[PDB]
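Here you get one chain, nothing else, as structure tokens; it is the form deposited in one PDB entry.
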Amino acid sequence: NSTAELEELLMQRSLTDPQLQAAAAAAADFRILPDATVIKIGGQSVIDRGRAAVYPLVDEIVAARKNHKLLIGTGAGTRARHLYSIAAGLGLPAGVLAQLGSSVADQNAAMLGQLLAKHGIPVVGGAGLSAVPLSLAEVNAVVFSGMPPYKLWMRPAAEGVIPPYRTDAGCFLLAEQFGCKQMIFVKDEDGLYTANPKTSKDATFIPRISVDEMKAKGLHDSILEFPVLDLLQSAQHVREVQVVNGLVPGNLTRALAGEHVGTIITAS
């Protein structure tokens, strides 16, 4: 097999070719940032709450950055919902909406980023090859914007103009591509339940579940965006995620230390 097999197939076959797809699917796997963890700070879950929920989690982040490398994503929250209600009633397609809610993720990133400035952790631009914020044993952290940059090219849903891929997927997708050891979602609920947490019937806390079981239980989209689960079965580097309750202090640092607090969702 040695010098190069594909110097034939990449030149002479279409990229939809199954004979080509398999040979690319067996190639070296490189992890760009294997020892870094990505977090999502929910826009509605955490940041739209303000000082009460945010400051404790801010104190946590500084404490973790020493022993951990942290990639901090932000969420949209209620302001993105208003933009969707206004725009969705006008009839504008999902592509227009995607860039509307990206602003709100940037706003939260700006706000969140300014609380952490004195510690030396910036908001990211022209980064992703920029490992200096993450590389410095003093900082080892960054703040970025949860939303994926699809704006007009956003894949729409089966029905409705609300963008299917949002700060969950944007944060997840950044971990998957960069090799991150973990992916943590920080939200307002203890994790996944078998009914709607605020109004439920028997609701049984699910400490662990796999995707196909989630699809089973009608849970496709309870805590995380539904495409993110299908993205979880396709992910090559991060085969599982964790949903923790930020409203309960210490849970962020715990799961960063590797404990199982909250729900963990597995691809297989």
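A residue's number is simply how far along the shown sequence it sits, counting from 1. Definition used throughout: the rigid core is the maximal C-alpha set that superposes within 1.5 Å between two forms.
In this entry, the higher average B-factor at the C-alpha atoms falls on 138 to 146, of the pair 138 to 146 and 103 to 111.
The stretch with the higher mean CA B factor, choosing between 1 to 9 and 259 to 267, is 1 to 9. Of the candidates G75, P156, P197, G170, the deposited coordinates give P197 the top C-alpha B factor.
Among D29, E225, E240, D48, the highest C-alpha B-factor recorded in the PDB entry belongs to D29. The deposited CA B-factor of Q233 belongs to the lowest third of values across its chain. In this PDB entry, the Cα temperature factor of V62 sits in the top third of its chain's modelled residues, the highest group. In this PDB entry, the Cα temperature factor of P133 sits in the top third of its chain's modelled residues, the highest group.
Ranked by C-alpha B-factor against the other modelled residues of its chain, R166 falls in the lowest third. Placement of the Cα temperature factor of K187 within the chain: highest third of the modelled residues, per the deposited record.
If you look for the form deposited in another entry, you will not find it shown, but the lines that follow are about it.
Of the residues checked (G191, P133, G170, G101), the rigid-core alignment between the shown form and the other one shows a Cα shift of at least 2 Å for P133 alone. In the other form, the Cα atoms of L134 and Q44 sit 3 Å or more farther from each other than they do here. Distance between the C-alpha atoms of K40 and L134: longer in the other form than here (change of 3 Å or more).
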